[PDB]
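Chemist: This is the content of model-v7.txt (compact mmCIF, C-alpha atoms and all ligand atoms):
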# COMPACT_ATOMS: atom_id res chain seq x y z
CA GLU A 62 0.00 0.00 0.00
CA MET A 63 3.13 2.25 0.13
CA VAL A 64 4.06 1.75 -3.53
CA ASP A 65 3.28 4.84 -5.67
CA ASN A 66 2.82 7.08 -2.59
CA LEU A 67 4.98 9.91 -4.03
CA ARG A 68 4.10 12.57 -6.58
CA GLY A 69 5.92 15.61 -7.95
CA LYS A 70 6.45 18.14 -10.70
CA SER A 71 9.86 18.00 -12.45
CA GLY A 72 12.44 20.22 -10.71
CA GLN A 73 10.10 20.87 -7.77
CA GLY A 74 10.71 17.88 -5.51
CA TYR A 75 8.78 14.76 -4.65
CA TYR A 76 6.09 14.77 -1.98
CA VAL A 77 4.13 12.35 0.22
CA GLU A 78 0.72 12.84 1.84
CA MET A 79 0.78 13.38 5.60
CA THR A 80 -1.62 14.48 8.28
CA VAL A 81 -0.91 16.75 11.24
CA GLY A 82 -3.02 17.43 14.32
CA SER A 83 -6.26 16.23 15.88
CA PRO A 84 -8.58 16.09 13.99
CA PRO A 85 -6.15 15.32 11.16
CA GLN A 86 -5.19 18.03 8.69
CA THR A 87 -4.00 16.68 5.33
CA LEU A 88 -0.88 18.26 3.79
CA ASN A 89 1.50 17.25 0.99
CA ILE A 90 5.08 17.16 2.26
CA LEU A 91 8.32 17.23 0.24
CA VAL A 92 10.63 14.31 1.00
CA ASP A 93 14.10 15.72 1.76
CA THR A 94 17.11 13.55 2.64
CA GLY A 95 19.20 16.78 2.59
CA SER A 96 17.79 18.35 5.79
CA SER A 97 16.46 17.27 9.20
CA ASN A 98 13.57 19.61 10.06
CA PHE A 99 9.90 18.77 9.61
CA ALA A 100 8.14 22.04 8.77
CA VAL A 101 4.77 23.00 7.30
CA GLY A 102 3.25 26.24 6.02
CA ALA A 103 1.22 27.53 8.98
CA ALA A 104 0.03 30.91 7.70
CA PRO A 105 -1.32 32.10 4.33
CA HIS A 106 1.08 32.42 1.40
CA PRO A 107 0.29 33.19 -2.24
CA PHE A 108 1.64 29.77 -3.33
CA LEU A 109 -0.02 27.69 -0.56
CA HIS A 110 -3.31 25.98 -1.38
CA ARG A 111 -3.69 25.12 2.29
CA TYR A 112 -1.76 25.33 5.57
CA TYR A 113 -1.52 23.99 9.09
CA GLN A 114 -4.03 25.62 11.46
CA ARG A 115 -2.68 25.10 14.96
CA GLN A 116 -5.78 26.57 16.61
CA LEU A 117 -7.88 23.67 15.19
CA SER A 118 -5.66 20.96 16.71
CA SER A 119 -6.30 19.98 20.36
CA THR A 120 -3.09 17.95 20.40
CA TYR A 121 -0.81 20.85 19.39
CA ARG A 122 1.76 21.80 22.01
CA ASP A 123 3.69 25.07 21.59
CA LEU A 124 7.41 24.74 22.49
CA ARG A 125 7.71 28.55 22.87
CA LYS A 126 10.78 28.72 20.66
CA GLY A 127 11.39 30.10 17.16
CA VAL A 128 13.46 28.49 14.43
CA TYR A 129 15.13 29.71 11.24
CA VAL A 130 16.20 27.34 8.45
CA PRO A 131 18.20 28.43 5.40
CA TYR A 132 18.65 26.03 2.48
CA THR A 133 20.81 26.35 -0.60
CA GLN A 134 17.53 27.51 -2.17
CA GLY A 135 15.01 29.34 -0.02
CA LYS A 136 14.63 29.94 3.68
CA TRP A 137 11.89 30.10 6.29
CA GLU A 138 11.19 31.00 9.87
CA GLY A 139 8.66 29.57 12.23
CA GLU A 140 7.50 28.46 15.64
CA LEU A 141 8.41 25.09 17.11
CA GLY A 142 5.77 22.81 18.59
CA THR A 143 4.77 19.17 18.64
CA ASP A 144 1.67 17.37 17.34
CA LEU A 145 0.38 14.03 16.14
CA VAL A 146 1.51 13.05 12.66
CA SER A 147 0.41 10.25 10.32
CA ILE A 148 1.32 9.06 6.81
CA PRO A 149 -1.92 7.72 5.23
CA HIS A 150 -0.10 5.72 2.52
CA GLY A 151 2.90 4.81 4.70
CA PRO A 152 3.07 2.77 7.90
CA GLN A 153 -0.28 2.79 9.73
CA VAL A 154 1.03 4.46 12.83
CA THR A 155 0.64 7.84 14.50
CA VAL A 156 3.51 9.58 16.22
CA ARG A 157 4.03 12.74 18.21
CA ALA A 158 6.72 14.74 16.42
CA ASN A 159 8.38 18.10 16.37
CA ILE A 160 6.87 20.47 13.80
CA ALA A 161 8.09 23.89 12.71
CA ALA A 162 5.04 26.02 11.85
CA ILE A 163 6.33 28.27 9.05
CA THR A 164 5.11 31.84 9.58
CA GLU A 165 7.41 33.66 7.13
CA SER A 166 9.40 32.44 4.13
CA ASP A 167 11.53 33.64 1.22
CA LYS A 168 11.78 31.81 -2.12
CA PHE A 169 10.88 28.50 -0.48
CA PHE A 170 7.33 27.69 -1.55
CA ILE A 171 6.98 27.19 -5.31
CA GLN A 172 4.08 28.49 -7.43
CA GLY A 173 1.91 25.43 -8.34
CA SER A 174 4.02 22.69 -6.71
CA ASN A 175 1.22 20.96 -4.73
CA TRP A 176 3.25 20.67 -1.51
CA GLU A 177 2.90 22.72 1.65
CA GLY A 178 5.76 21.47 3.84
CA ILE A 179 9.01 19.56 4.01
CA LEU A 180 10.13 16.36 5.76
CA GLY A 181 13.83 16.43 6.63
CA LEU A 182 14.91 12.80 6.78
CA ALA A 183 18.59 13.36 7.70
CA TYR A 184 20.11 13.20 11.17
CA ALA A 185 19.77 15.44 14.23
CA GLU A 186 23.31 16.81 13.82
CA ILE A 187 22.03 19.20 11.11
CA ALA A 188 18.62 19.98 12.66
CA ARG A 189 17.90 23.61 13.58
CA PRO A 190 18.13 25.20 16.08
CA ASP A 191 20.46 22.37 17.18
CA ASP A 192 20.77 18.58 17.51
CA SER A 193 18.39 18.42 20.49
CA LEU A 194 15.43 18.90 18.09
CA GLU A 195 14.62 15.26 17.36
CA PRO A 196 13.93 14.65 13.65
CA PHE A 197 10.73 13.01 12.51
CA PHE A 198 12.20 9.67 11.45
CA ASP A 199 13.96 9.31 14.83
CA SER A 200 10.61 9.90 16.58
CA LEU A 201 8.90 7.43 14.27
CA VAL A 202 11.41 4.69 15.09
CA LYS A 203 11.36 5.37 18.86
CA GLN A 204 7.57 5.42 19.12
CA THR A 205 6.66 2.52 16.83
CA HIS A 206 8.10 -0.85 15.83
CA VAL A 207 9.21 0.50 12.41
CA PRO A 208 12.70 -0.77 11.46
CA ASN A 209 15.34 1.98 11.21
CA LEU A 210 15.41 2.11 7.38
CA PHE A 211 13.59 3.73 4.50
CA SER A 212 13.93 3.58 0.76
CA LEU A 213 13.22 5.99 -2.06
CA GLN A 214 12.23 5.19 -5.63
CA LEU A 215 12.00 8.51 -7.49
CA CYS A 216 10.67 8.24 -11.03
CA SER A 230 4.03 15.26 -13.40
CA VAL A 231 6.17 12.53 -11.78
CA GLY A 232 5.83 9.85 -9.09
CA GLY A 233 7.51 7.12 -7.08
CA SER A 234 7.58 5.39 -3.73
CA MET A 235 8.86 5.97 -0.23
CA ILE A 236 8.94 2.66 1.63
CA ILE A 237 9.32 3.06 5.35
CA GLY A 238 10.77 0.24 7.43
CA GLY A 239 11.81 -2.05 4.60
CA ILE A 240 12.97 -2.93 1.14
CA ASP A 241 10.38 -3.63 -1.58
CA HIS A 242 11.93 -6.03 -4.09
CA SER A 243 9.32 -5.21 -6.73
CA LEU A 244 10.86 -1.72 -6.98
CA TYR A 245 14.28 -2.84 -8.29
CA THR A 246 16.14 -5.32 -10.49
CA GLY A 247 19.60 -6.84 -10.09
CA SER A 248 21.78 -6.42 -7.01
CA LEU A 249 21.76 -3.84 -4.23
CA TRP A 250 25.23 -2.30 -3.76
CA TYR A 251 26.06 -0.51 -0.52
CA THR A 252 28.24 2.47 0.25
CA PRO A 253 29.01 3.45 3.88
CA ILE A 254 27.51 6.51 5.52
CA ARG A 255 30.71 8.28 6.45
CA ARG A 256 29.19 10.50 9.14
CA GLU A 257 25.60 10.70 10.42
CA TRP A 258 24.64 14.30 9.75
CA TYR A 259 23.77 14.58 6.11
CA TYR A 260 23.68 11.23 4.35
CA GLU A 261 27.39 11.69 3.61
CA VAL A 262 29.05 9.26 1.19
CA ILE A 263 32.44 8.99 -0.57
CA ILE A 264 32.98 9.13 -4.37
CA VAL A 265 36.24 7.37 -5.34
CA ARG A 266 36.23 7.81 -9.12
CA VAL A 267 34.37 9.72 -11.86
CA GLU A 268 34.29 8.78 -15.54
CA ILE A 269 32.64 10.45 -18.54
CA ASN A 270 32.08 7.94 -21.37
CA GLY A 271 34.54 5.64 -19.64
CA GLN A 272 37.28 8.28 -19.44
CA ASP A 273 38.59 8.97 -15.95
CA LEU A 274 38.59 12.64 -14.88
CA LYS A 275 42.02 11.85 -13.33
CA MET A 276 41.82 13.92 -10.16
CA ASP A 277 42.94 13.16 -6.64
CA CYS A 278 39.79 11.45 -5.35
CA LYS A 279 39.53 13.81 -2.37
CA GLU A 280 38.56 16.50 -4.92
CA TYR A 281 35.31 14.60 -5.60
CA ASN A 282 34.38 14.96 -1.91
CA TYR A 283 35.56 18.50 -1.22
CA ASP A 284 34.27 19.27 1.39
CA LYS A 285 31.66 16.49 1.63
CA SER A 286 29.45 14.43 -0.71
CA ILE A 287 25.75 13.93 0.14
CA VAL A 288 22.67 12.11 -1.13
CA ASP A 289 19.92 14.71 -1.26
CA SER A 290 16.42 14.08 -2.59
CA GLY A 291 15.53 17.76 -1.90
CA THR A 292 18.08 19.14 -4.41
CA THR A 293 17.22 18.80 -8.11
CA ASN A 294 20.70 18.67 -9.67
CA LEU A 295 23.93 16.74 -9.50
CA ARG A 296 26.06 19.45 -7.93
CA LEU A 297 29.86 19.20 -8.13
CA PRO A 298 32.80 21.03 -6.50
CA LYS A 299 34.06 23.76 -8.91
CA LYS A 300 37.19 21.88 -10.02
CA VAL A 301 35.20 18.74 -10.65
CA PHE A 302 32.34 20.65 -12.33
CA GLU A 303 34.71 22.43 -14.73
CA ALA A 304 36.46 19.17 -15.64
CA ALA A 305 33.12 17.41 -16.17
CA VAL A 306 31.77 20.19 -18.41
CA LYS A 307 34.94 20.08 -20.54
CA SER A 308 34.57 16.32 -21.03
CA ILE A 309 30.83 16.53 -21.80
CA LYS A 310 31.47 19.37 -24.28
CA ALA A 311 34.16 17.27 -25.95
CA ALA A 312 31.83 14.24 -26.22
CA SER A 313 28.96 16.32 -27.63
CA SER A 314 31.16 18.55 -29.85
CA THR A 315 29.21 17.69 -33.02
CA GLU A 316 26.81 20.36 -31.70
CA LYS A 317 27.84 23.61 -30.05
CA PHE A 318 25.72 25.16 -27.31
CA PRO A 319 25.84 28.58 -25.72
CA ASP A 320 27.84 29.09 -22.53
CA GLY A 321 24.54 29.88 -20.78
CA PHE A 322 23.36 26.31 -21.34
CA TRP A 323 26.31 24.83 -19.45
CA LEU A 324 25.64 27.26 -16.59
CA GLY A 325 21.98 26.12 -16.35
CA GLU A 326 20.75 29.60 -17.29
CA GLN A 327 19.35 28.74 -20.70
CA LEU A 328 17.41 25.90 -22.23
CA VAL A 329 18.50 23.77 -25.16
CA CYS A 330 15.64 22.81 -27.54
CA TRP A 331 15.15 20.36 -30.41
CA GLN A 332 12.23 19.69 -32.70
CA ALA A 333 9.82 17.42 -30.81
CA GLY A 334 11.09 13.84 -30.72
CA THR A 335 14.53 14.59 -32.21
CA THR A 336 16.70 15.02 -29.08
CA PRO A 337 20.19 13.68 -30.01
CA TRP A 338 20.69 11.54 -26.88
CA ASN A 339 23.55 9.62 -28.47
CA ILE A 340 25.87 12.63 -28.71
CA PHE A 341 25.81 13.06 -24.91
CA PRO A 342 28.00 10.82 -22.75
CA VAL A 343 27.25 8.56 -19.81
CA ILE A 344 28.57 9.67 -16.43
CA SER A 345 29.83 7.03 -13.97
CA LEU A 346 30.13 7.79 -10.30
CA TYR A 347 32.09 5.18 -8.37
CA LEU A 348 31.11 4.98 -4.70
CA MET A 349 33.20 3.60 -1.85
CA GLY A 350 32.36 -0.04 -1.11
CA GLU A 351 31.95 -1.88 2.17
CA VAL A 352 35.37 -3.59 1.79
CA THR A 353 38.77 -1.86 1.66
CA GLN A 354 39.58 -0.37 -1.77
CA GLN A 355 36.52 -1.90 -3.40
CA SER A 356 33.87 0.19 -5.09
CA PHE A 357 30.82 0.03 -7.34
CA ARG A 358 29.53 2.42 -9.96
CA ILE A 359 26.23 4.03 -10.78
CA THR A 360 25.86 5.22 -14.36
CA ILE A 361 23.86 8.30 -15.32
CA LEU A 362 22.42 8.71 -18.86
CA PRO A 363 21.77 12.08 -20.49
CA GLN A 364 18.04 11.40 -20.03
CA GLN A 365 18.80 11.95 -16.33
CA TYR A 366 21.12 15.00 -16.47
CA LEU A 367 19.28 16.92 -19.22
CA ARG A 368 16.10 17.79 -17.33
CA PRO A 369 13.00 18.32 -19.45
CA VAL A 370 11.27 21.67 -18.92
CA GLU A 371 7.57 21.38 -19.73
CA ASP A 372 6.08 24.54 -21.20
CA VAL A 373 3.16 24.53 -23.62
CA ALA A 374 4.59 27.68 -25.29
CA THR A 375 7.73 25.79 -26.33
CA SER A 376 5.94 22.52 -27.11
CA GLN A 377 6.74 22.33 -30.84
CA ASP A 378 10.10 21.38 -29.29
CA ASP A 379 11.50 19.32 -26.45
CA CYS A 380 13.54 21.66 -24.23
CA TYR A 381 15.97 20.81 -21.41
CA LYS A 382 18.02 22.37 -18.63
CA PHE A 383 21.51 21.08 -17.95
CA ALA A 384 21.04 19.64 -14.45
CA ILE A 385 24.70 19.42 -13.43
CA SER A 386 25.86 22.55 -11.64
CA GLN A 387 28.64 23.91 -9.51
CA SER A 388 28.83 23.89 -5.75
CA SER A 389 31.02 25.47 -3.10
CA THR A 390 29.69 23.13 -0.39
CA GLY A 391 30.65 19.73 -1.84
CA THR A 392 28.99 17.20 -4.11
CA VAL A 393 25.21 16.92 -3.95
CA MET A 394 23.76 13.78 -5.47
CA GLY A 395 20.31 15.17 -6.12
CA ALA A 396 17.07 13.97 -7.61
CA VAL A 397 18.42 13.65 -11.18
CA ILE A 398 21.00 11.13 -9.81
CA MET A 399 18.44 9.27 -7.64
CA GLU A 400 15.81 8.96 -10.38
CA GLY A 401 15.94 5.52 -11.95
CA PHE A 402 17.64 3.97 -8.92
CA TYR A 403 16.15 2.41 -5.87
CA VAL A 404 18.00 4.04 -2.98
CA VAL A 405 17.95 2.41 0.44
CA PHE A 406 18.75 4.61 3.42
CA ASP A 407 19.87 1.82 5.76
CA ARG A 408 20.30 3.84 8.94
CA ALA A 409 20.49 0.66 11.08
CA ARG A 410 23.63 -0.46 9.24
CA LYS A 411 25.00 3.02 8.47
CA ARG A 412 24.98 2.44 4.72
CA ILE A 413 23.20 3.57 1.54
CA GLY A 414 22.19 0.96 -1.05
CA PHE A 415 21.73 1.53 -4.78
CA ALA A 416 19.99 -0.71 -7.33
CA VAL A 417 18.54 -0.22 -10.77
CA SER A 418 14.92 0.88 -10.40
CA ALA A 419 11.86 -0.73 -11.94
CA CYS A 420 11.25 2.78 -13.33
CA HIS A 421 14.11 3.61 -15.67
CA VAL A 422 14.38 5.64 -18.86
CA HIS A 423 17.01 3.86 -20.99
CA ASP A 424 16.87 3.87 -24.77
CA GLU A 425 17.61 0.96 -27.10
CA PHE A 426 21.42 1.45 -26.88
CA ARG A 427 22.27 2.29 -23.27
CA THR A 428 20.88 1.45 -19.83
CA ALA A 429 21.55 3.04 -16.40
CA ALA A 430 23.41 0.61 -14.20
CA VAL A 431 24.61 -0.21 -10.71
CA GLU A 432 27.54 -2.57 -10.99
CA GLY A 433 30.69 -3.87 -9.38
CA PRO A 434 32.96 -4.77 -7.77
CA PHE A 435 35.87 -2.61 -8.85
CA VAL A 436 39.25 -2.63 -7.11
CA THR A 437 41.65 0.30 -6.75
CA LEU A 438 45.43 -0.05 -6.28
CA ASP A 439 45.92 3.42 -4.72
CA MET A 440 45.29 3.17 -0.97
CA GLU A 441 44.40 6.85 -0.51
CA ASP A 442 41.32 7.61 1.64
CA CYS A 443 39.04 9.66 -0.59
CA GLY A 444 37.35 11.47 2.31
CA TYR A 445 38.21 15.14 2.47
CA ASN A 446 38.34 15.38 6.26
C1 LIG A 501 22.09 21.18 0.36
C2 LIG A 501 21.24 20.76 1.55
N1 LIG A 501 19.93 20.24 1.10
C3 LIG A 501 19.08 21.27 0.47
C4 LIG A 501 17.62 20.83 0.56
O1 LIG A 501 17.37 20.65 1.95
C5 LIG A 501 16.68 21.86 -0.06
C6 LIG A 501 15.21 21.57 0.25
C7 LIG A 501 14.27 22.42 -0.58
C8 LIG A 501 13.29 21.80 -1.32
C9 LIG A 501 12.41 22.54 -2.10
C10 LIG A 501 12.52 23.92 -2.13
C11 LIG A 501 13.50 24.54 -1.38
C12 LIG A 501 14.37 23.80 -0.61
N2 LIG A 501 16.88 21.93 -1.51
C13 LIG A 501 17.56 22.97 -2.08
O2 LIG A 501 18.21 23.80 -1.44
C14 LIG A 501 17.44 23.02 -3.55
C15 LIG A 501 16.24 22.71 -4.16
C16 LIG A 501 16.14 22.74 -5.55
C17 LIG A 501 17.24 23.10 -6.31
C18 LIG A 501 18.43 23.42 -5.68
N3 LIG A 501 19.60 23.81 -6.42
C19 LIG A 501 20.22 25.06 -6.10
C20 LIG A 501 21.49 25.06 -5.56
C21 LIG A 501 22.08 26.26 -5.25
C22 LIG A 501 21.39 27.44 -5.47
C23 LIG A 501 20.12 27.42 -6.00
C24 LIG A 501 19.52 26.22 -6.32
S1 LIG A 501 20.03 23.07 -7.88
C25 LIG A 501 19.31 24.14 -9.09
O3 LIG A 501 21.46 23.18 -8.04
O4 LIG A 501 19.35 21.81 -7.96
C26 LIG A 501 18.54 23.38 -4.30
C27 LIG A 501 21.06 21.93 2.50
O5 LIG A 501 21.20 23.10 2.18
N4 LIG A 501 20.73 21.53 3.78
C28 LIG A 501 20.48 22.54 4.80
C29 LIG A 501 19.28 22.12 5.62
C30 LIG A 501 18.96 23.11 6.74
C31 LIG A 501 20.16 23.27 7.65
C32 LIG A 501 21.35 23.73 6.81
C33 LIG A 501 21.67 22.69 5.74
Could you write out this structure as structure tokens?

Modeler:
Amino acid sequence: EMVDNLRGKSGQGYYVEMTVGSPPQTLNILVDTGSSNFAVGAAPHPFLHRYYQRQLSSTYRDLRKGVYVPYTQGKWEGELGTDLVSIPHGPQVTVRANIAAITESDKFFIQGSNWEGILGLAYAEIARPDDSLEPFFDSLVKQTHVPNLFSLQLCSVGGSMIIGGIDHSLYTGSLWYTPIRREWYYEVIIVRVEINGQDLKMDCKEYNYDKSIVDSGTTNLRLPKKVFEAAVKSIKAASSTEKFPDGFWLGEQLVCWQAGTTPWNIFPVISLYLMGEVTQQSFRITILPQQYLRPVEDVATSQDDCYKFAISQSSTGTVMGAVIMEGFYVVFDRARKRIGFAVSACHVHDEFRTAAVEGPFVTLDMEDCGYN
């Protein structure tokens, strides 16, 4: 009953239905592995269809404390409290959880997104105001018998969030695991990057400067400057039969082709090798252009298919965002401090190339690829 419990619009996150309060108030909540605060619109906003009304909930408890949360995109402020929370198409349990009631925001809510709040699924270490504000998933595990694991299958769009377990119908082939380096973000280690099989040939610490994270709340694959610049050069080289404006590579401009004529084959596959569970072993996940060229739906441009380049630069480390997660089944195995990847039942592929999760690979160089 948890399969197909996510929806979304491209570039605007994936969301699950939740209820808050007594009697229950239904809200759509963005699933975010890149933060640790559960927060809901709690006052009118031009882009909110609905919001949390604390005065209607007899189970609301005010914590008499404000909270401010800034993201890489957007920010909000609100009032902390606790209330009863359910997930109608998740586990059939009700938990008392911390909730930030958003009273003011800036460039957070999105016009016509269909979500009204955000579920930070990462660890307390990055919760605001500090790590004493217990995250939702921690509360869920403590208060119920739910195993300490969830999985995401991100595929208008849809997918599944499976809480407490692994649904084998959502993937094919083998699950490969990479260790969670530190429990704050879902921090992982990239050991190697290839573009159409060609190694970028950097010290592997560069790939993880200053961390690498798995983040369902960020649209793009974001790369440290040095890595981003090297990747763009290699992708340009591979696709050099067509020349695109500089603005395209910066994500500031769309690239468009006559409907149905997108030249997928001129764009390369990107392979990210992730640290394995055994010394100097790794596995790779392979990303097709159908993943990193994000379609932008617009009826005005619909004689064409138009795309945004969804790889972008970062000054805060690698972010493996939604365009990386889509087409994989990603298991957040908190119990065993590891993240698993497998090929998803929902995958794009064309008749020539297929996204993959494969291994093992061995590396001679004994360098630790962690930045810190
Ligand atoms: C990086 C980490 N996780 C960010 C994530 O929590 C946040 C959630 C969110 C979802 C929907 C609307 C706003 C915010 N996602 C983003 O910040 C986000 C969302 C979409 C696109 C982008 N990208 C971006 C990057 C830089 C500048 C502008 C846009 S993109 C276009 O490259 O895909 C970012 C994070 O910041 N975690 C914080 C959580 C709170 C404590 C401090 C750490």

Chemist: In file coordinates, which residues lie within 9 Å of (7.2, 0.8, 13.6) using only C-alpha atoms, given as a compact mmCIF listing (two decimals) with C-alpha atoms, keeping the file's coordinate frame?

Modeler:
# COMPACT_ATOMS: atom_id res chain seq x y z
CA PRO A 152 3.07 2.77 7.90
CA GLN A 153 -0.28 2.79 9.73
CA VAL A 154 1.03 4.46 12.83
CA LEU A 201 8.90 7.43 14.27
CA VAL A 202 11.41 4.69 15.09
CA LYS A 203 11.36 5.37 18.86
CA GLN A 204 7.57 5.42 19.12
CA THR A 205 6.66 2.52 16.83
CA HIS A 206 8.10 -0.85 15.83
CA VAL A 207 9.21 0.50 12.41
CA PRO A 208 12.70 -0.77 11.46
CA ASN A 209 15.34 1.98 11.21
CA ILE A 237 9.32 3.06 5.35
CA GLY A 238 10.77 0.24 7.43

Chemist: Where does segment 63-128 of chain A meet segment 183-196 of chain A within 10 Å, residue by residue, with the nearest atom pair and distance in Å to one decimal for each, counting all atoms listed in the file, listed by chain and rising number, as a tab-separated table?

Modeler:
residue	atom	partner	partner_atom	distance
A:93	CA	A:183	CA	7.8
A:94	CA	A:183	CA	5.3
A:95	CA	A:183	CA	6.2
A:96	CA	A:183	CA	5.4
A:97	CA	A:183	CA	4.7
A:98	CA	A:188	CA	5.7
A:99	CA	A:196	CA	7.0
A:126	CA	A:190	CA	9.3
A:127	CA	A:190	CA	8.4
A:128	CA	A:190	CA	5.9

Chemist: Would you please work out which residue, of A:298, A:369, A:433, A:247, is nearest to residue 419 of chain A when using all atoms listed in the file?

Modeler: A:247

Chemist: Using Å and a single decimal, report how far atom CA of residue 240 of chain A sits from atom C14 of ligand LIG 501 (chain A).

Modeler: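 Here the two named atoms are 26.7 Å from each other.
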
Chemist: I want to know what sits within 12 Å of segment 110-122 of chain A, based on all atoms listed in the file, with residues of the same chain fewer than 5 positions away left out; could you give that as a ChimeraX atom specification?

Modeler: /A:79-90,100-105,140-146,156-164,170-178

Chemist: Could you tell me how far atom CA of residue 392 of chain A sits from atom CA of residue 283 of chain A, in Å to one decimal place?

Modeler: 7.3 Å

Chemist: Using only C-alpha atoms and all ligand atoms, can you tell me which of A:233, A:350, A:334, A:69 comes closest to ligand LIG 501 (chain A)?

Modeler: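 Ranked by minimum distance to ligand LIG 501 (chain A), first place goes to A:69.
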
Chemist: For a test of reading the model, state the distance in Å between atom CA of residue 437 of chain A and atom CA of residue 304 of chain A, rounded to one decimal.

Modeler: 21.5 Å

Chemist: Take the point (17.8, 13.5, -16.0) as written in the file and pick out every residue within 9 Å of it, counting only C-alpha atoms; give the list as a PyMOL selection string.

Modeler: chain A and resi 294+361-369+383-384+396-398+400

Chemist: Using only C-alpha atoms and all ligand atoms, which of A:272, A:446, A:290, A:428 sits nearest ligand LIG 501 (chain A)?

Modeler: A:290

Chemist: When you count all atoms listed in the file, which of these residues is closest to ligand LIG 501 (chain A): A:281, A:108, A:259, A:169?

Modeler: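 Ranking A:281, A:108, A:259, A:169 by distance to ligand LIG 501 (chain A), first place goes to A:169.
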